[PDB]
Amino acid sequence: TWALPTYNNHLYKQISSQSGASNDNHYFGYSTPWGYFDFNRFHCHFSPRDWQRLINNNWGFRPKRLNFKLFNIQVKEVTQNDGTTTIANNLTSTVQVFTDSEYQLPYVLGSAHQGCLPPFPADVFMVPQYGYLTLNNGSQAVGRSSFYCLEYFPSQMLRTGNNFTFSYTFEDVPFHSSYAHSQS
Amino acid sequence: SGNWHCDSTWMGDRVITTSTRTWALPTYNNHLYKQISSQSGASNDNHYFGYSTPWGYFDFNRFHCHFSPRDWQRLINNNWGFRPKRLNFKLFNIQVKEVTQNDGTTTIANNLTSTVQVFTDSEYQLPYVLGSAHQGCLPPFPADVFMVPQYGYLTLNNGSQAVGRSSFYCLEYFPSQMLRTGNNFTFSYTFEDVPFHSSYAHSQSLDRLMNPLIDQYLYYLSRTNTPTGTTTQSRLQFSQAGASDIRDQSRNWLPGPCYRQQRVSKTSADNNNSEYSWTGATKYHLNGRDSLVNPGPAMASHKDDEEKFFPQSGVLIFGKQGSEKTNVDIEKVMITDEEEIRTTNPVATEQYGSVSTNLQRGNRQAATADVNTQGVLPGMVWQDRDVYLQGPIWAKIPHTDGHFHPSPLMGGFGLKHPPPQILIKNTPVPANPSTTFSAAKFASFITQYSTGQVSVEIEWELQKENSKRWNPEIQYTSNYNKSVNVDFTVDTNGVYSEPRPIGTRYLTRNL
Amino acid sequence: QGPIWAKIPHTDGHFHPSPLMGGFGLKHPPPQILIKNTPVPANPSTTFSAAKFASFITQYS
């Protein structure tokens, strides 16, 4: 179960280093309202038991396909009259979602950031904000630097009572090695 | 969405029942598992290691959920035996409520599409909680609305210490079907073939089974001394079993097994002046932890004259209506008593008999000892306990290789594959989440609860009464009381009550 | 708890593309999925305002 706040009050931002005089540490980048949930880690998929059962009996393994389905979307509106915090459900107010199979965006995952689906299924987690960096010098940004407006892609629209699926396929890749050799 | 069904129809051989109730499910432990153990209050026999979960489960194991006292009466008189066949189950009319208190004002706002999830398991892969006869049955009386009990289970341990053998579960790991308002749920189950229960008590006791008139042809040792010698005694003599001697007459089959119990009088004057009961208290044990013997092997409570005495343990002691939770005196609680099994099974308080000891000779005088315990032996028969009404229905045979005649000791039908449990849970709905990222587990939530209706239907199968007896029977009848207080009916203020338990053995068959 | 797959940086130069946190280097990893609420405006001004209209209603899903 996932919960999505609203970031930066719906507006892009330029973010850079504070210029704290460390030249090796500087960055030039953009924070966006877009959320993305990113599963790259095992314990999301495998329970310690199944891990144990697989790890003993198999030489190697690789993925083949994967399927993905959202469902049961709903929206909540918080409003505080004076100090009373109140949450009123709403309908037909829409959420929009798009993937890209064309690999046209900066690719954020792979740096092993926290925010995986929680190890333990009981807990409910927030979705991480997006963002990315770009070429720069200190605070200065080159003319080579790029920029994006994510709305520029054909996002499918979702409203309560609607679900979303897409089927993917992994390309053929050599098996991983689960074994260690018996002779040096 | 569904049509309320509470009713029973008589097909002859089979009889169908259905009942329906309204249920309400809170949210337990704020949606998080917990380790629970004993407080370590220094009593080593009392310790536990277990896990409490948010999951609710509603569990019907008792009769009075299914049968109304009338139908009970009508079935109990006319049938030798009965067992279930199938059962059908249907939820419907689910809805959700959200309570929110602004200042001190408690307000409940209905909501839609917020989902409840439910799964059964026909694969028997979970700890099996029912069968210990916990309270929380569907209320006896259909008018009332009841909360669903929280779940939980125990595991191997030592004191507070838990072994490495101990296990754990995450229930979300199963394919729960999802339910949203306007959706209903059904599954059809089937009971496996199991012997009929016995509703009858025999009309003739074992020892007295014989022909009065005809003498059997075997003999027995009559008298040692002719009289005299005396020092030379006398040669053995022989007589025949006859109408005059019932005891010496010979019998094929031996009464059932026994275990001793302690005799407690109702009269405090007769009961032992000093303290007993755990002095005391016949027990068995595992792993150095003595478990007091709760209702045990079947056996008869009392002989004819006493009626005051009752077994200290085996007899089921129910409470009456409005009973106290602790330190309640007897007059508020009902004692069940079985005098009807005197035909076969032994008396509880008494010994099983006497047994030879020494191997006699001229100077060696015979010696015997009262046998305090007897196991099963070839050529033995015994009767199963009564099921009463508020008593349990079925229990699960522990899945194991070792078995002998799997009859539960609270009475009922041992099933190899009992009706699967059903578990139910609300879907957690998050509170206002933090704006910036927080590495925390996000413990905030919105309070709510749900409710709906549940329709349980069982199809019984019967065996009709063929009895050829001449003289009139014994039937169960509520009568002879002119009191203003009516049985099985609400008081003036609407609180239901049950006067006394109702056993199943009324009719009669010859042995 | 370690990572699963990482993307080969799309380039001509390669030698034996095995990520250094361990995993499966993919030429075409599972695509990302992005998700956003639709902004719902607060009470707008009666008369025209040249401003970008920064008011909004707070919510989450």
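Parameters at a glance
- Residues numbered from 1 in each chain as written, not as in the entry; some residues may be left out.
- Chains lettered and ligands numbered in written order.
- Part of a larger assembly, values for the part shown.
- Heavy atoms only, no water.
- Helix = DSSP H or I, 4+ residues; strand = E, 2+ residues; numbered from the N terminus.
- Buried < 20%, exposed > 50% of the residue type's maximum accessible area, 1.4 Å probe, protein only.
- Contact = heavy atoms within 4.5 Å.
- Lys, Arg positive; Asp, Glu negative; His and termini not counted.
- Charge placed at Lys NZ, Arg CZ, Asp CG, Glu CD.
- Patch = residues over 30% accessible without salt bridge, like charges linked within 9 Å, V, L, I, M, F, W, Y side chains within 5 Å.
- Areas by Shrake-Rupley, 256 points an atom, 1.4 Å probe, with all protein chains shown as cover.
- Salt bridge = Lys/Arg side-chain N within 4 Å of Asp/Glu carboxyl O.
- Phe/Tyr/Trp six-rings, centres within 6.5 Å; stacked < 30°, edge-to-face > 60°.
- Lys NZ or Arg CZ within 6 Å of the ring centre and 35° of its normal.
- Buried area = accessible area lost by both parts, 1.4 Å probe.
- Polar contact = N/O pair within 3.5 Å; in protein donor to acceptor, adjacent residues only side chain to side chain.
- Pairing = 2+ DSSP bridges.
- Disulfide = S-S within 2.5 Å.
- 1 Å grid on protein atoms, 1.4 Å probe; cavity = no way out; pocket = protein on both sides within 12 Å on 5 of 7 lines; lining within 4 Å.
- Points joined across faces, edges and corners; volume = space filled by probe spheres on them.
- Nonpolar A, V, L, I, M, F, W, Y, C, P; charged D, E, K, R; others polar.
- Core = buried A, V, L, I, M, F, W, Y, C linked by side-chain atoms within 4.5 Å.

*Asks:* Hey, could you run me through the overall build of chain A in this one?
*Replies:* Secondary structure summary: chain A contains one helix and eleven strands in total. The helix and strand sequence of chain A, counted from the amino end, reads β-β-β-α-β-β-β-β-β-β-β-β. Taking the principal axes of its C-alpha atoms as reference, chain A extends roughly 70 × 50 × 35 Å. Residues counted as buried form 32% of the 184 residues belonging to chain A. Of all intrachain contacts in chain A linking residues separated by at least 6 positions in sequence, the fraction that spans at least 24 positions is 70%. In chain A, 11 side chains carry a positive charge and 11 a negative one; their mean positions are 9 Å apart.

*Asks:* Just checking my understanding: could you explain helix α1 (residues 69-78) of chain B for this structure?
*Replies:* For α1 of chain B, the set of buried residues is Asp71, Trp72, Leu75, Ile76 and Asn77 of chain B. In this fold, the buried residues of α1 of chain B make contact with β1 (7-10), β2 (14-25), β5 (79-102) and β30 (449-464) of chain B.

*Asks:* Whenever I open this one, a nonpolar patch on the surface confuses me. Can you help?
*Replies:* Nonpolar side chains collect at one region of the surface, where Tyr219, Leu221, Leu236 and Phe238 of chain B lie side by side and expose about 460 Å² of accessible area between them. Relative to the assigned elements, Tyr219 of chain B resides in strand β13 (residues 219-221).

*Asks:* Is there a simple way to think about the packing of aromatic side chains in this case?
*Replies:* Taken as a whole, this structure holds 52 aromatic pairs over all chains when the rule is applied. Consider the rings of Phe120 of chain A and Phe168 of chain B, whose centres lie 6.5 Å apart with planes at 40°: the pair is tilted. Taken together, the positions of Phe120 of chain A in the loop between β7 (95-99) and β8 (125-126) and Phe168 of chain B in the loop between β9 (150-154) and β10 (177-179) put the pair across two chains. When its relative accessible area of 42% is taken as the criterion, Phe168 of chain B is described as partly exposed. The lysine or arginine in question, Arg62 of chain A, covers the ring of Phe175 of chain A, its NZ or CZ lying 4.6 Å from the ring centre. Lying across the ring of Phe196 of chain B, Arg83 of chain B places its NZ or CZ 4.6 Å from the centre.

*Asks:* I tried to follow the environment of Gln35 of chain B on my own but got confused; where do I start?
*Replies:* Residue and element names in this part refer to chain B. Mapped onto the secondary structure, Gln35 falls in strand β3 (residues 34-37). Considering only alpha carbons, one finds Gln35 and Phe49, 14 residues apart in sequence, at a separation of 7.6 Å. Excluding residues within four positions of it along the chain, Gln35 makes contact with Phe49, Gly50 and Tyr51.

*Asks:* Looking at this structure, I do not really get the environment of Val347 of chain B. What am I missing?
*Replies:* Residues and elements named next belong to chain B. Relative to the helices and strands, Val347 is located in the loop between β22 (333-335) and β23 (353-356). The class for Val347 is buried, based on a relative accessible area of 17%. Put simply, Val347 and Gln261 are 86 residues apart on the chain and 9.3 Å apart in space, counted from C-alpha to C-alpha. Residue contacts for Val347: discarding those within four places in its chain leaves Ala300, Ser301 and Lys303.

*Asks:* Would you mind going over the interface of chain A and chain C with me for this structure?
*Replies:* For interface size, the figure often reported is the accessible area lost on association. With 51 residues of chain A in contact, the opposing surface of chain C contributes 28 residues. Buried surface at the junction of chain A and chain C, both sides included, amounts to about 4,300 Å², of which 64% is carbon and sulfur. Broken down residue by residue, the surface that chain A buries against chain C is led by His10, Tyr103 and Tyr107 of chain A, which jointly contribute 13%. The interface formed by chain A and chain C contains 16 residue pairs in polar contact. Of all the secondary-structure elements, those providing two or more residues to the side of chain A that touches chain C are β1 (2-3), β3 (28-36), β5 (75-81), β7 and β11 (164-169) of chain A. Considering every element that reaches the side of chain A that touches chain C, the biggest residue donor is β7 of chain A, with five residues. Where β3 of chain A meets strand β3 (residues 33-37) of chain C, two bridges bridge the pair, whose relative direction is antiparallel. Looking at the pairing, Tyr36 of chain A lines up with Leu34 of chain C of β3 of chain C.

*Asks:* Which parts of the structure should I look at to understand the state of the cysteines?
*Replies:* By definition, a disulfide links two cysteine residues through a covalent bond between their sulfur atoms. Residue and element names in this part refer to chain B. The full count for this structure, using the stated rule, is zero disulfides over all chains. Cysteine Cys65 remains unbridged, with the sulfur of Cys137 as its closest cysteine sulfur at 4.4 Å. The exposure class assigned to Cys65 is buried, which follows from its relative accessible area of 4%.

*Asks:* Explain the pattern of salt bridges to me, please; I cannot follow it from the model alone.
*Replies:* All chains considered together, the criterion is met by 13 salt bridges over all chains. We note a salt bridge from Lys64 of chain A to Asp172 of chain A, for which the minimum N-O separation is 3.8 Å. Highlighted residues: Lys64 of chain A in the loop between α1 (48-57) and β4 (65-70) and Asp172 of chain A in the segment after β11, separated in sequence by 108 residues. Since its relative accessible area comes to 46%, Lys64 of chain A is described here as partly exposed. By relative accessible area, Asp172 of chain A is classed as exposed at 68%. One salt bridge in this structure joins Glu459 of chain B and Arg86 of chain B, with 2.8 Å as the shortest N-O distance. One end of the pair, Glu459 of chain B, is in strand β30; the other, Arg86 of chain B, is in strand β5, and 373 residues separate them in sequence. Relative accessible area serves as the criterion here: at 45%, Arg86 of chain B is assigned to the partly exposed category. Several salt bridges share partner residues, and in doing so they unite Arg83, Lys85, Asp193 and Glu461 of chain B into one network.

*Asks:* Looking at this structure, I do not really get empty space enclosed by the protein. What am I missing?
*Replies:* Unoccupied space between atoms shows up once a probe the size of one water molecule is rolled over them. Residue and element names in this part refer to chain B. On inspection of all chains with the given rule, the structure shows ten cavities of 30 Å³ or more. Roughly 160 Å³ of volume is contained in the largest cavity. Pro297, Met299, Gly314, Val315 and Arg385 are, among the 18 residues lining the largest cavity, the residues nearest its centre. Estimated volume of the second largest cavity: approximately 130 Å³. Of the residues that constitute the lining of the second largest cavity, the class distribution is six nonpolar, six polar and two charged.

*Asks:* Would you mind going over unusual backbone geometry with me for this structure?
*Replies:* For residues other than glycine, phi is negative in most cases, and the peptide bonds are mostly trans. Omega for the peptide link from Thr228 of chain B to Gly229 of chain B comes to -20°, which places this bond in the cis form. Inspection of the secondary structure assignment puts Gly229 of chain B in the loop between β13 and β14 (238-240). Across the junction of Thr279 of chain B and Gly280 of chain B, the peptide omega takes the value -10°, indicating a cis bond. Relative to the helices and strands, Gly280 of chain B resides in the loop between β17 (263-264) and β18 (283-286). We note that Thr92 of chain A has phi near 65°; this positive angle belongs to a residue other than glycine. By secondary structure assignment, the location of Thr92 of chain A is in the loop between β6 (84-90) and β7. With a phi angle near 95°, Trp278 of chain B is a residue other than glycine that sits in the positive phi range.

*Asks:* Could you clarify how one ought to interpret the side chain of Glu459 of chain B in this entry?
*Replies:* Residue and element names in this part refer to chain B. A residue is classified by how much of its surface remains accessible, and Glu459, at 11% relative accessible area, is buried. Looking at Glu459, its side chain comes within polar contact range of the side chain of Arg86, at 2.8 Å. Among all residues touching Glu459, those that are not within four sequence positions of it are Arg14, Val15, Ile16, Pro84, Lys85 and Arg86.

*Asks:* Looking at this model, I keep getting lost on the side chain of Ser52 of chain B. Mind explaining?
*Replies:* Looking at where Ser52 of chain B falls in the secondary structure, it is placed in strand β4 (residues 49-57). If near-sequence neighbours (up to four positions away) are discounted, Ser52 of chain B is found in contact with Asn29, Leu32, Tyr33, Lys34, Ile36, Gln150 and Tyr151 of chain B.

*Asks:* Explain the nonpolar core here, please?
*Replies:* Note that soluble globular proteins tend to have their nonpolar side chains buried in a common cluster. Of all hydrophobic cores here, the largest spans 46 residues; its most connected members are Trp23, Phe58, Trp72, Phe89, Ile424 and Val454 of chain B. The set of elements that each furnish at least two residues to this core consists of β2, α1, β5, β7 (116-120), β11 (185-190), β28 (413-415), β29 (422-426) and β30 of chain B. In terms of nonpolar packing, the next biggest core, distinct from the first, is built from 25 residues, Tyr7, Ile73 and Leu109 of chain A together with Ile35 of chain C among them.

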